[PDB]
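So the structure is just underneath, and the comments pick up after that.
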Amino acid sequence: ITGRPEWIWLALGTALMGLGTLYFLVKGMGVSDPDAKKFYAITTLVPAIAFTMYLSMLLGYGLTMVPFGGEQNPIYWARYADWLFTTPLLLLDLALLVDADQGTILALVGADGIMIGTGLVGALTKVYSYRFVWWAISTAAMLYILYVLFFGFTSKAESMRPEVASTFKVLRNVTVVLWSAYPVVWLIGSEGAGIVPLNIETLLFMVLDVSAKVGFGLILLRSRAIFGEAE
Amino acid sequence: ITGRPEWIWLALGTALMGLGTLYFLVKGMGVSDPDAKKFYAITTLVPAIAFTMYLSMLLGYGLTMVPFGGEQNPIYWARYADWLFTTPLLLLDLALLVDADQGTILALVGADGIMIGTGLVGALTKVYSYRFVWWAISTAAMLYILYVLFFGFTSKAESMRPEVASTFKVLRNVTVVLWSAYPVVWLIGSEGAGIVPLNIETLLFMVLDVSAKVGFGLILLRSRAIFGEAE
Amino acid sequence: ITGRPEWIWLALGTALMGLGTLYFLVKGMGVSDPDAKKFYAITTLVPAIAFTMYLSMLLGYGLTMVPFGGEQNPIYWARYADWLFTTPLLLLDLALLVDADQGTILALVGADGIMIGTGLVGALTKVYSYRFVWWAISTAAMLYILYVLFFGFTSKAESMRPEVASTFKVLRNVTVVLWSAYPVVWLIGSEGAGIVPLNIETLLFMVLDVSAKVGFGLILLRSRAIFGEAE
Ligand SMILES: CC(C)CCC[C@@H](C)CCC[C@@H](C)CCC[C@@H](C)CCOC[C@@H](CO)OCC[C@H](C)CCC[C@H](C)CCC[C@H](C)CCCC(C)C
Ligand SMILES: CC(C)CCC[C@@H](C)CCC[C@@H](C)CCC[C@@H](C)CCOC[C@@H](CO)OCC[C@H](C)CCC[C@H](C)CCC[C@H](C)CCCC(C)C
Ligand SMILES: CC(C)CCC[C@@H](C)CCC[C@@H](C)CCC[C@@H](C)CCOC[C@@H](CO)OCC[C@H](C)CCC[C@H](C)CCC[C@H](C)CCCC(C)C
Ligand SMILES: *C/C=C(C)/C=C/C=C(C)/C=C/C1=C(C)CCCC1(C)C
Ligand SMILES: *C/C=C(C)/C=C/C=C(C)/C=C/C1=C(C)CCCC1(C)C
Ligand SMILES: *C/C=C(C)/C=C/C=C(C)/C=C/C1=C(C)CCCC1(C)C
Ligand SMILES: CCCCCCCCCCCCCCC
Ligand SMILES: CCCCCCCCCCCCCCC
Ligand SMILES: CCCCCCCCCCCCCCC
Ligand SMILES: CCCCCCCCCCCCCCC
Ligand SMILES: CCCCCCCCCCCCCCC
Ligand SMILES: CCCCCCCCCCCCCCC
Ligand SMILES: CCCCCCCCCCCCCC
Ligand SMILES: CCCCCCCCCCCCCC
Ligand SMILES: CCCCCCCCCCCCC
Ligand SMILES: CCCCCCCCCCCCC
Ligand SMILES: CCCCCCCCCCCCC
Ligand SMILES: CCCCCCCCCCC
Ligand SMILES: CCCCCCCCCCC
Ligand SMILES: CCCCCCCCCCC
Ligand SMILES: CCCCCCCCCC
Ligand SMILES: CCCCCCCCCC
Ligand SMILES: CCCCCCCCCC
Ligand SMILES: CCCCCCCCC
Ligand SMILES: CCCCCCCCC
Ligand SMILES: CCCCCCCCC
Ligand SMILES: CCCCCCCC
Ligand SMILES: CCCCCCCC
Ligand SMILES: CCCCCCCC
Ligand SMILES: CCCCCCCC
Ligand SMILES: CCCCCCCC
Ligand SMILES: CCCCCCCC
Ligand SMILES: CCCCCCCC
């Protein structure tokens, strides 16, 4: 484990995702509202999945070597197995908050799968220049997601209860800022141009992951928007 | 790329799926009917997924070598990753058109997963004679799907609006004819008996894919069956 | 095939899953109740999936070698591909029986995916002591599932029709007893401590699989709880 300088950030990430999972699990014990139960189930699964994948990276299972640039490059593939399941769950939290229609939910989840799937292909591609073709396709899929979150959901939240509109607006802004950083870290990190070393890259993804999952969840599950209007 | 004679058909397929995706995306911009939005989302995702997998084959990522018959045989595995997601989406288009019940939808999607999954196992199997055992199981799963589309959905469409009944009947006939060709191309192509060479096999799958996805989508999204009855 | 002593139990399992699939398929022909159709579709898919994965193990495709303990250990990975899809389908049978809320269904299916996913990682892990870390995480996920089936569903079934309450109680008890045996067989078998040899381990999993899928299905599909109350 300790033979890799980035191990400290993988261990911290593992701990923070595990602690986040347990807090949400305990906090959700005393909840019977069927609407609130939906948000607790979605939001608790997110850091639980991330916990297992951070642990796999810490123990060395989620790491492979990819030859490109005449070098064997360490690629943590477990990140994409994490994101494949956690990013659509996070979008479902937002879509259920605004009572989005089914067709829009399917478009979001499908574009998200394309985003993560093409990012994985780009991470494992051995022809250096082709890695950035996949990065560009994946980034186009992300821009579609961000467009929908702004010019489809925002207008839908305003016609909703005030507390669900204000909570959505906050979580929307958090998501757009944090998610946009991921393609940048990829491009300048060891998967892309190799400007930033792997140990610093790992620290950046850990800060982003914890903020986008645990921080996101703390804002959502403390809001009254997750409960139905009741007397 | 150009070192493979089949590259021209992979490049054409990539272009036609990309163009198809963009047309459906633009055409769906001016749509607010929640029913129509469902069909546009399903139908636009189909060629978008196929685009990415054709590109992976063009660039050489979606290709592996499988030893059988005393030879290293080029097997494009990316086809099955495509079909795993696009064939159930196409069946969902048909099932939603006739307002099929949930139990029937699950049976269709499950049989479809078995069809594609066993076809993938057959494509990667190293014992030559066993490849055709998997082909037979996969073909049995397809025949179940075709039976349901005829002796379960057809009777359901007649009790529906006339425009949804006539549109379903057309898309049903297109699907049964085109899908039935796939097991035949597999059997006589490089995955099976090896009668037809890979470059011709690739041309045939490209014609079938574009027809079953883009051609299918053009018929559906030009129909009024996708809109609810409104004044 | 016959070069492996466990082949006899893989062949028996294949036959019993295939026969089970055909019986459920025939029995479900004469069913039009939309509620009953749901249970028949879920319950017939379970042994059909298991059939294909037992066949892959029989023919040698679903087997790999994992080095640990200074030895190349035969690991049947196809079991986890089976369980990944069949265990959530079995939980869906139970959840639909008691009309569970959506949030609870998602929590069950998500915990089940974590259970199977971490068990697969543990089966393929090359550092011997780490294999049991994954076993423990997977077992914690199972205990969560069992808790929900007892202290969330049981109370919900009592407020239901008497026949659905008594049928659920029976299937609940069958599930908790049979599922609990799996982590024990893993721990003492070739994936874990290696006390029980592989051929005996394979026999035990076959008895458990057939009972948990075909036996489970025979109890459910003979009950009147799967039909709506009708005159
Ligand atoms: C509606 C939305 C959900 C739609 C989703 C969008 C999606 C279509 C976007 C594209 C996804 C696609 C790129 C997934 C590729 C997975 C692949 C990286 C797995 C590893 O295989 C890659 C190479 C080794 O580098 O295999 C070496 C050769 C091996 C012999 C490969 C044989 C196994 C194949 C991988 C079998 C295909 C399985 C499916 C891809 C499983 C789904 C994986 C997940 C990442 C989507
Ligand atoms: C309700 C419906 C959706 C049900 C679906 C029906 C489905 C059950 C039908 C059978 C599907 C099954 C054959 C999928 C097999 C995937 C497999 C080809 C992936 C590549 O692995 C094959 C060998 C190399 O040749 O791995 C070499 C050895 C490696 C060490 C393998 C270890 C990884 C395992 C593959 C882990 C299992 C992952 C799941 C199979 C992922 C789903 C893939 C998709 C193709 C279903
Ligand atoms: C809501 C719920 C459904 C959530 C589900 C819970 C889930 C997150 C729990 C953890 C699942 C995770 C451990 C799955 C790992 C699959 C992995 C074993 C496949 C084989 O790859 C392992 C190594 C060889 O030993 O690959 C060698 C290196 C290769 C180069 C690997 C590159 C391919 C990657 C495997 C791509 C990721 C694909 C996804 C993991 C596909 C889903 C598989 C299924 C088992 C979940
Ligand atoms: C909890 C994890 C989250 C919210 C991860 C989000 C990840 C992304 C938005 C990743 C995007 C990428 C691109 C847009 C292209 C480059 C490759 C990716 C996958 C890093
Ligand atoms: C857009 C792609 C489509 C509609 C693909 C359809 C593919 C099939 C219907 C494939 C069927 C197969 C068999 C029936 C057995 C032989 C292997 C397959 C997977 C080619
Ligand atoms: C039809 C198959 C069924 C119902 C299989 C159930 C399997 C389990 C409940 C497996 C549980 C495991 C653990 C709890 C940890 C050890 C590894 C597993 C996956 C065997
Ligand atoms: C979206 C965030 C990207 C900003 C990356 C900042 C990295 C600064 C760290 C110093 C770079 C290390 C280079 C010298 C080793
Ligand atoms: C009462 C609110 C705080 C509860 C404690 C939460 C502990 C989980 C770890 C959170 C750290 C990361 C927060 C986002 C920066
Ligand atoms: C379902 C369509 C299958 C028909 C295949 C027709 C192939 C004819 C092309 C000529 C065969 C090439 C053999 C000589 C190289
Ligand atoms: C107005 C209808 C035609 C629009 C142009 C569609 C261009 C997408 C490519 C379609 C070619 C394949 C059609 C099926 C044979
Ligand atoms: C949950 C069931 C686990 C019980 C396992 C009993 C196995 C007894 C078979 C004899 C053990 C073989 C050891 C000598 C070869
Ligand atoms: C009339 C009920 C029996 C029908 C025959 C079922 C045959 C399928 C194989 C069942 C054997 C396994 C039963 C569970 C132990
Ligand atoms: C490729 C993996 C995608 C599945 C991720 C799991 C979450 C799915 C959310 C589905 C939302 C409901 C759509 C109607
Ligand atoms: C194995 C991958 C299957 C999933 C394909 C994605 C489409 C799923 C459609 C689900 C239809 C809704 C069923 C109720
Ligand atoms: C185009 C939709 C408007 C909202 C999206 C904001 C774009 C942020 C740019 C992200 C940069 C990634 C490289
Ligand atoms: C048996 C259901 C009737 C409709 C299915 C038509 C069968 C077409 C044969 C396809 C040939 C594939 C080898
Ligand atoms: C803790 C929830 C109560 C019901 C679960 C029964 C636990 C059975 C123990 C299984 C042993 C697996 C190692
Ligand atoms: C080795 C660098 C080659 C540059 C390729 C950049 C491709 C980016 C595509 C974005 C449209
Ligand atoms: C090398 C050819 C061996 C023939 C096997 C055919 C199997 C087909 C099974 C269809 C029932
Ligand atoms: C080689 C045996 C090492 C023992 C590790 C046991 C780990 C079990 C963790 C359960 C909390
Ligand atoms: C609940 C605390 C979980 C912390 C265990 C993971 C941290 C790795 C320490 C080496
Ligand atoms: C929108 C046009 C997309 C065409 C790019 C793919 C074709 C491959 C050319 C080499
Ligand atoms: C319907 C009977 C299915 C039996 C075939 C599988 C058994 C393997 C025999 C070698
Ligand atoms: C993106 C930063 C999240 C901050 C988490 C703190 C929330 C406390 C209510
Ligand atoms: C299967 C052939 C499809 C033909 C596509 C043309 C549709 C234009 C309306
Ligand atoms: C767990 C044992 C199941 C027994 C199956 C027999 C059911 C006949 C109704
Ligand atoms: C109005 C809410 C502002 C939230 C933005 C937070 C950016 C990290
Ligand atoms: C909408 C604000 C985008 C912020 C992008 C930050 C990328 C590091
Ligand atoms: C490929 C772009 C299509 C141009 C608009 C078609 C008419 C909606
Ligand atoms: C009555 C519609 C006929 C459609 C059949 C088309 C076959 C390619
Ligand atoms: C229902 C007509 C079937 C046509 C099969 C064509 C196979 C090449
Ligand atoms: C009251 C029903 C008892 C069922 C338990 C069966 C254990 C195999
Ligand atoms: C609730 C009874 C548990 C039985 C466990 C059996 C494990 C072999």
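Quick note: numbers below take in every heavy atom, side chains included, and nothing from hydrogens, waters or symmetry partners. Within every chain, numbering begins at 1; the chains are lettered A, B, ... in the order of the sequence lines, protein sequences first and strands thereafter.
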Any donor-acceptor pair under 3.5 Å linking the side chain of [X] with the backbone of [Y]?
X	Y	answer
C:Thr154	C:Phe151	no
C:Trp134	C:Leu120	no
A:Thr52	A:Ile49	yes
C:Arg131	C:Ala123	yes
C:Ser180	C:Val176	yes

Do [X] and [Y] have side chains that get closer than 4.5 Å, going by heavy atoms?
X	Y	answer
A:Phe51	A:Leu16	no
C:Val127	A:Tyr61	no
A:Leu94	A:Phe216	yes
C:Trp179	C:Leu91	yes
C:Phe168	C:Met160	no
C:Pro197	C:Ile200	yes
A:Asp209	A:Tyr54	yes
A:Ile226	A:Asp35	no

Going from [atom1] on [X] to [atom2] on [Y], what distance comes out if it is rounded to the nearest 0.5 angstrom?
X	Y	atom1	atom2	answer
A:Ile42	A:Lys37	CD1	NZ	13.5 Å
A:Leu25	A:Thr43	CG	OG1	12.5 Å
C:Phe68	C:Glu191	CZ	CD	7.5 Å
A:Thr14	A:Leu59	OG1	CG	8.0 Å
C:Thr118	C:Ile116	OG1	CD1	8.0 Å
C:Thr167	C:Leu220	OG1	CG	7.5 Å

Are C:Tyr182 and C:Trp83 close enough that their ring centres sit under 6.0 Å apart?
-> yes
Would you please indicate if the ring centroids of C:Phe132 and C:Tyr128 are separated by under 6.0 Å?
-> yes
How far apart are the closest heavy atoms of [X] and [Y], and which atoms are they?
X	Y	answer
A:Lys213	A:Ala50	CD-CB, 3.9 Å
C:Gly103	A:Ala41	O-CB, 3.3 Å
C:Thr139	C:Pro183	OG1-CB, 4.0 Å
C:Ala111	A:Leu45	N-CD2, 4.1 Å
C:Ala48	C:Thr21	N-OG1, 3.1 Å
C:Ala157	C:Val98	CB-CG1, 3.9 Å

Considering residues, nucleotides and ligands other than [X], do more than 12 of their heavy atoms fall under 6.0 Å from its [atom1]?
X	atom1	value
C:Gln72	CD	yes
C:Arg161	CZ	yes
A:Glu163	CD	yes
A:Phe227	CZ	yes

Verdict with supporting geometry, C:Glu71 and C:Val66, side chain to side chain contact (heavy atoms under 4.5 Å, CB included) | CA-CA 8 Å; C:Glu71 297 160 34; C:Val66 181; over 6 Å; no
Check the side chains of A:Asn199 and A:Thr202 for a donor-acceptor pair under 3.5 angstrom, ignoring hydrogens and angles.
-> no
Decide whether A:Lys27 and A:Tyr40 meet the rule of one side-chain donor and one side-chain acceptor closer than 3.5 Å.
-> yes
Report the C-alpha separation of C:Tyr80 and C:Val121 in whole Å, then their side-chain angles, then the decisive distance to 0.1 Å, and conclude whether the side chain to side chain contact (heavy atoms under 4.5 Å, CB included) test is met.
-> CA-CA 10 Å; C:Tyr80 305 90; C:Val121 172; over 6 Å; no
Identified side chain to side chain contact (heavy atoms under 4.5 Å, CB included) counterpart of C:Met57 within the set C:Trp9, C:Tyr76, C:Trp7 = C:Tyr76
Can you list the steps and then say if C:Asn73 with C:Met65 is a side chain to side chain contact (heavy atoms under 4.5 Å, CB included)?
-> CA-CA 5 Å; C:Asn73 304 270; C:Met65 298 293 165; over 6 Å; no
Does A:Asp82 come within less than 4.0 Å of A:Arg79, counting only side-chain N to carboxylate O?
-> no
Show the numbers, then the answer: is there a side chain to side chain contact (heavy atoms under 4.5 Å, CB included) between C:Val196 and C:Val185?
-> CA-CA 8 Å; C:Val196 171; C:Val185 175; over 6 Å; no
